[PDB]
Structures are given as C-alpha cells and as structure tokens.
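Beneath this line is the structure, given in structure tokens, with notes to follow.
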Amino acid sequence: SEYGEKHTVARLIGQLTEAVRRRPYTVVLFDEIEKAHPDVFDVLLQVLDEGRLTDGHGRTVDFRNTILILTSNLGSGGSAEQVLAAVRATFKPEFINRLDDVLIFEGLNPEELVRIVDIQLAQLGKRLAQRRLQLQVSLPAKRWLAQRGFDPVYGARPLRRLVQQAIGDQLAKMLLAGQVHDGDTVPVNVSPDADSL
Amino acid sequence: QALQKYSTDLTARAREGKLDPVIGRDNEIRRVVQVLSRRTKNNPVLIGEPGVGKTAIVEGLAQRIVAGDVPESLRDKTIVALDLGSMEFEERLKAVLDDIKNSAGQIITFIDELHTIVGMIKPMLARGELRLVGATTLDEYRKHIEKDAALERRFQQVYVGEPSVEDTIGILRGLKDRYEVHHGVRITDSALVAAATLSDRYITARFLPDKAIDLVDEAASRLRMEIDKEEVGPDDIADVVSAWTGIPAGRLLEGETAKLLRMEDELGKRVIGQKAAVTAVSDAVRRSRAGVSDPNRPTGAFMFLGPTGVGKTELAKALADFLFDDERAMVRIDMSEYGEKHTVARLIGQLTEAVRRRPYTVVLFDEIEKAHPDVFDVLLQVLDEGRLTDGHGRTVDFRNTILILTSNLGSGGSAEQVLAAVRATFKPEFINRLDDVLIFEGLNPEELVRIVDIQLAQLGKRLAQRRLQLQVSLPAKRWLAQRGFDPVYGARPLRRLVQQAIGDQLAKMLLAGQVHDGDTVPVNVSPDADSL
C-alpha cells in the first residue's frame, strides 16, 4: 500500500529477499496490490511461473515451495462480471494468466452471522483469563447482538465495535470502582434497550 | 493521533456549552441525518445564499449529538473540523487520510468553505469511508466546483432557504448581554425590535442575522463616542442606517397612516392634473397595506397609455420616490429592443436576478408595442400567478411588486378609437389579465402655468453650487406659458423653451464676467425676448 512511485522497488530487491533465504517455507502476503504503480507487477512477474529473482550480491533465491497470497478490493459489489471486468482494467493480461484460480468472496448472510458473536465473546472471555472473570451471556442478548449487525456494506467489522460499545464500556466502568473482583461472575441481561449488568 | 495537530474539535467545545443555541429548522437537520447515514457516497453539502445560517445547522447537529436525539448508528461520533490553511504536502495529507480511515468511521470530518479544495481524495469519497460535511455560498459553487464535474457527482446538494425576522428577534434578545459588557452601555429592547425590522426594507445586499448585528454594534460605538442618552434607542439605529447607504436623505423614516392618508395630494407636487389616474394608483397601495389584497396576485398590475408628452413616465418614477426614498432602486427594463423572437433569453436572467435579492421593487416596461408577440407569452404567467422559472430551476415569486406598463397606442383617439386599437395587437387572453386600463388626457393651458413654476424651481435647485438666486417676474412667468402651445407634443417643448430663452444668454453671461457667486440675476420682459 506504500509503493505509489516507481523507485520503491529497491527496498525489496532486500526486505523480500533476505527473509526467505533463511527459512524457505514461509507463506507470503501482499496486502492491497491495487495501489502499487504498474512497475511492481513487473518485479512480481518472474516470481510467478519461474520462482527465482536476483539482488545485488548475485544469488537466485528460489520461491519454489511457498504459498503466495494476494488480496484486493476491486469493484466491491460487482454483480457477476462488473467485479471481474474491473480486474482487466489495471492488470495486463500477461499477469492475469500467470495466476491460479481467481477467487471471489461473497458478502455475509444474517443466518451465518450469529456464530461470529459466539467467536467474539469467546475471544473476550479468553482475554479476561488474568482475572479469572467468567461472564454469563444469555441467548436473548446473544441474538440481540445479531440484529444490530446490519447494512451489508461494512461487513462484520461494525459488530466488533458494537461489542465494545455495549459490554466493554459499562464493564470497564464497573471494573475499576469496586463491585467486580477476581473469580466473580458478571452476567449480562437484556434491559429493554441496552445491555445491563 | 495526527488529527490532534491539524484540527479543532467542535464536540470538545460543545461539551462545555460554548456554542450559541440553534433554534428552528428541524427539516434540514433531519435531511442531514438522512443523507449522512446511507451506505455509499454519504457526504452532504449545504448550499444557500450567504447569511441564512449554514454553520448554525452543523453546530445544531453537534448540539443534538451531544444531547442524544439522533438514531442508534450516529451516537457518539465526534465531529473533527479539518483545515486546509494550517496544513511534504502529499505525505501530510496521506497521513491525515490514513488516520481517518484507521478508525471505524467514528469521526465525521467537516471542511468548511470547501471551494478551496480544488487548488488523491477522489477515490476515498466515492467508496464511502470519510464522512464530509461542507458549506458553500451558492455563487462560489458554480465557479469553483461545477467547473470540475468529476468531483461534484460525489456530493448531495442540500438547499437552505434564508430569510425570517421572528427568529432573529429571539437571537438579538439572546446576544444582548455580550455587547453591553464590552462597550459599557445599556441596550433597550425597544430598539432591538427596530434594528431587525428596519434592516430588511433598507439594507438589501447582505443576508440575515449578521446584518442585524452590525447596526447594534455601530450604534453602541457611536454612543461611546458621544459619551467620550445613557442607553441606545430607536433613533440612533435610524442614524446609522441613514449615514450608511444614505437612506435617510430619501424619506427619513417616512412610514405610517399619516403618510398614506395624504398620497393623492402628496404626489401632486411632481405630477399636475391626471387626477382620475392618480386616484387609482393611490388605491392599489392603500388596499395592499390594509390587508384586503388577493394573496396570490401582484398587488397592482395596471397599464396606462395615451398621447405623448403627458407625464406617463414621470408618474411611474414619482410613486417610486416615497416608497424607497430614492428614484434609482427600481427595475427599469426597456422592451423597445425585443423586435425578434429570441431576445427572451436575456430576461429568462436580467429580470430574474434583480428581484430575488430584494422582492419589493416596482417594475417598468417601456414601449411594449415594439415587442414581437412572443414576449407577451413570457409575461402571461407573470400576471395572475406571480412566478416564472430560469435555468437553475427556481420559481421567483412576483407576489408583492407593482407592475407598470406604458404605451402610446393611437395617440389621439376620440373615445373608442384609442381603445379598439389595443384590441388589434393584444390577444384577449392578455387584456383580461390586466387591471383597469387607464387613459391619460392631454394638457389644458389652464393647468400648464404651474409646470413653469416646477421647471424654474428645478433650475433654481440646479444652481445651488453657485448660490445664484434668480428673480423671475410674473409677466415673464406667464409669457412662458403662451409659447407652450400646439397640443401634439405635450409639455416637452416647454423644457426646450426654457433652455433657449434663459439658459443661452445666462450661459454666455456666466463665463465672461459680470455674474459671480451669491449675486441675483433678475429676468425682465424685453418687448420680444427675455432680458437680464
């Protein structure tokens, strides 16, 4: 996301090189490849389908058994081919050919959005392992958190702010003023609008 | 964290009550909350003529957020007002945008006066991440932003009207205490009504509430100068609105039943005779100030015609004299130029954007005969509805102006020779929409002496620089009447007779000696001409 100009090739040709030659098995990310100027793709072109590149010292580091992974956000809501034909704009066809199966993620279903709340509350339970502070969440609140998970433009990310606005605020106030100590159980209960304690 | 260094924080100032209370306008607040909470392209723009309150809406939104009357997914999202003056440059801007996007939409940015933003934010706007609220004037918008049509597709124009007195009286009662402390003077609430009432019919160039605060401020300053009467009052407000705009000269607070009681006789000091066509013009003003008028019609739309040289243009500049205290604040268009079918476009506009500023001016239409019968079609919904349109899509209301139409058709018809000639050019769907068609008569030599008195008083007031009084005897004063003759050309050849008799020999005797300042120059009847 930082390689907007044509001369940040040199920081990886290197930061990319001398992190593989030590242990040649690590998986490699590439986050938000849209913002790179189309010169970084030229460096990436012999990474694919050959596996080797060079540097100043003259060694050909072999990418023959790592799992490359590319992320993007192009289109972001194309019907069936609106998102696919937008890829053909920026990427030259000598780069789309060298890839494997281009995968499309879908959105999220409110049927498959309940269980994310289970994962998030299990995560917050494992965060409070220092205090041994178990917390009790009832099923009406556990489905109350799903219905504010809404508006499928922003994904499941506003749910992870919803949990910290509902539970975490009043818990963080009731944690450092008394009446909550180690080993206690803090149940949550559905007040007619918000979540009580 | 980088937004700490290149921004203010309106929410932090709102949380200690340091904002003036915003009263009114539920519709615009609900509209801003509606637009700001959609999925993509969620960034409104406030647009209106200046002074009507556009910063006040955003401060009211901040008050309503800190109070908490908003819906669920707008609660506790601070409004961080950005800058572009205080803000290597592209690195700094990318740091600001990265710091905004790093949050979870918890920040509402606020670029005030965003017409400077033209001189890399373009992909961020359309995706829907950074919420942006702005405020432009209506006429810097079409110069700086509408030139750059890739940007302006990503906004939502929220129009804001303007005017109103009833809330401004409350605003002025609220802010009364602050100026009494800085200038150590008391301010009386009797004057505080007048400083907003009287600042609407006179000062029609700026917009509202800020214009009605400068009067209180400058009146307090003048009173401090005089205290170098212990409080301000309704007189010094009038003193300020006289000394600025020179409005005091014309009229000087002339308005009340006592004026409108004497209007058939006050107007006679500049128009002589024509008595049956002043008792009708003097009636569409009295019935419109009593409250009997039809609330969807112009207050008077009447057409007077007749022969030439009668006083039909002098009348329509004399009833624009005590309403406005001047004689140049009227919409004087001349339809003697619209011979062809495509000069409609210069007024549809030159007619339009001279009313929408101050919607009270009297409108002339000189010599409507020469217009091709297509301009009458434009004029047809002016009458009996009061509104027309233009390119921008606004319906300007002519509901309380006094339309005036002049003509010269026939010019000497007996009783129906002049009236049936109107029926030739005008279609009957246009004669019906008018008020009482007035006919002027000619002039009588009995009522022609006093015009010479008016003309010589005018020439006396012209020589006020030289303090040069001139003495006119009664035999010469009736000698000028008898050359006023041949009732085809009206009283216009008399105003050449005066400049051929007096003005020639006076202009010769003025620049060669023997006439100086303060002297008296009498005229005396030589057996043919006028002597000195």
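One-based numbering along the chain as shown.
Determination method: electron microscopy, 6.3 Å.
The backbone N, Cα and C atoms fix where each Cβ goes, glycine too.
As recorded in Swiss-Prot, the features of this protein are as follows:
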BINDING   B:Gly48, B:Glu49, B:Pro50, B:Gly51, B:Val52, B:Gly53, B:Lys54, B:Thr55  ATP 1 binding site
BINDING   B:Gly306, B:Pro307, B:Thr308, B:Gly309, B:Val310, B:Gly311, B:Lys312, B:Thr313  ATP 2 binding site
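Feature annotations (Swiss-Prot) mapped to structure.
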residue	record	DSSP (3 states)
B:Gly48	ATP 1 binding site	strand
B:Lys54	ATP 1 binding site	coil
B:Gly306	ATP 2 binding site	coil
B:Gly311	ATP 2 binding site	coil
Candidate with the highest Cβ count within 10 Å, taken from the binding-site residues B:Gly53, B:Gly309: B:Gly53
Alpha-carbon distance [B:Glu49 (ATP 1 binding site); B:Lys312 (ATP 2 binding site)] in Å: 37
Rounded Cα separation (Å) that holds between B:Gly51 (ATP 1 binding site) and B:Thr313 (ATP 2 binding site): 37
B:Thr55 (ATP 1 binding site) versus binding-site residues B:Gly306, B:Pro307, B:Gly309, B:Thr313 - nearest by Cα: B:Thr313
Sparsest-packed among the binding-site residues, when each Cβ's other Cβ atoms within 10 Å are tallied, from B:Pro50, B:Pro307, B:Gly311: B:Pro50
Spatial neighbour of B:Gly306 (ATP 2 binding site) that is closest, considering only the binding-site residues B:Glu49, B:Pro50, B:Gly53, B:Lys54 and their CA atoms: B:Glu49
Those binding-site residues listed as B:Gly48, B:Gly306, and which of them has the most Cβ atoms within 10 Å of its own Cβ: B:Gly306
Distance, B:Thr313 (ATP 2 binding site) to B:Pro50 (ATP 1 binding site) (CA atoms, angstrom): 36
Remaining residues near the recorded ATP 1 site, that is with C-beta within 8 Å of the centroid of the site residues B:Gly48, B:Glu49, B:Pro50, B:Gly51, B:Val52, B:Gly53, B:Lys54, B:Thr55: B:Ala135, B:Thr137, B:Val160, B:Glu162, B:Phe207
Neighbour tally for B:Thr308 (ATP 2 binding site), based on other Cβ positions within 10 Å of its Cβ: 13
Rounded distance in angstrom between the Cα atoms of B:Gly48 (ATP 1 binding site) and B:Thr308 (ATP 2 binding site): 46
B:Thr313 (ATP 2 binding site) and B:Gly53 (ATP 1 binding site), Cα-Cα, nearest whole angstrom: 41
Cα separation, B:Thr313 (ATP 2 binding site) to B:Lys54 (ATP 1 binding site) (Å, whole number): 43
Cβ-based isolation winner (fewest other Cβ atoms within 10 Å) among the binding-site residues B:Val52, B:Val310: B:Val52
In the chain carrying B:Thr313 (ATP 2 binding site), residues 6 or more apart in sequence that have Cβ under 8 angstroms from it: B:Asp366, B:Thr406
